[PDB]
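Backbone-built Cβ (ideal geometry, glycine too); neighbour counts: all protein chains shown. Readers should treat all values here as calculations from the given coordinates under stated rules, not as data from a laboratory.
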Ligand SMILES: *CC(=O)NCCNc1cccc2c(S(=O)(=O)O)cccc12
Ligand SMILES: [Cl-]
Ligand SMILES: [Cl-]
Ligand SMILES: [Cl-]
C-alpha cells in the first residue's frame, strides 16, 4: 500500500458528517481492516472531503510530535471521531469507545503530489 493510500484507508470517512452512534468505532475499525491481526489501539477518522484534508498540506506549517517539520495544522476545525480501545477489549473481540468532536487537525505531508501521510493529532 502506498503511504497516501494507507492514510486514506485508516483516516478518511467522507460518507458521514459525524459519528452516528456509540457503535461507529466498532463498525469502522473492522470494515477498514484495522482489527485484522490485532486491535489498533487508537485511530482518528475525519469527516470532510478528501480535497479539504489534502488542502491542509498548504496551511499552517508546524512541528510534528516527533520533531520533524513537515506537519500542517488546518486553519479551520473539522468533524472528527476518535476511536479508542476500552480497558476491557482484547483481540479478537476488539471494543472501542467513540468520541465525536470538531477540532483542528494536524497532518504530516510528503511526496509529489504533496499529500497527507500521517495523522499527528487534533486540537
Ligand atoms: C493513521 C495514519 O496516519 N496512518 C499512516 C500509517 N502510520 C504512519 C505513517 C507515517 C508515519 C508514522 C509515524 S512517525 O512517528 O512520523 O514515524 C508514527 C506512527 C504511524 C505512522
Ligand atoms: Cl497512492
Ligand atoms: Cl485493506
Ligand atoms: Cl490516529
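Values for this structure:
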{"read-out": "Residue in region 79-93 that is assigned to a loop (DSSP other than H, G, I, E, B), in contact with a strand residue (DSSP E or B) (Cβ under 7 Å, 6 or more places away or on another chain) and within 16 Å of ligand 3 (Cβ to nearest atom) present", "value": "no"}
{"read-out": "Unique residue being buried (at least 18 other Cβ atoms within 10 Å of the Cβ), over 24 Å from residue 113 (Cα atoms) and within 15 Å of ligand 1 (Cβ to nearest atom) when the list is 71, 57, 94, 83", "value": "83"}
{"read-out": "Extreme residue, nearest to ligand 2 (Cβ to nearest atom), among residues of region 81-99 that are in contact with a helix residue (DSSP H, G or I) (Cβ under 8 Å, 6 or more places away or on another chain) and either in contact (Cβ under 8 Å) with a residue 60 or more places away in the chain or over 14 Å from residue 34 (Cα atoms) (or both)", "value": "81"}
{"read-out": "Subset of region 39-58 [over 23 Å from residue 100 (Cβ atoms) and either within 16 Å of ligand 3 (Cβ to nearest atom) or in contact with a strand residue (DSSP E or B) (Cβ under 7 Å, 6 or more places away or on another chain) (or both)]", "value": "57"}
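Yes/no per residue for (1) in a loop (DSSP other than H, G, I, E, B); (2) away from ligand 2 (no atom under 16 Å from the Cβ); (3) free of Cβ contacts under 8 Å to residues at least 12 places away in the same chain:
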position	(1), (2), (3)
1	yes, no, yes
4	no, no, no
8	no, no, no
22	yes, yes, no
35	yes, yes, no
38	yes, yes, no
45	no, yes, no
52	no, yes, no
57	no, no, no
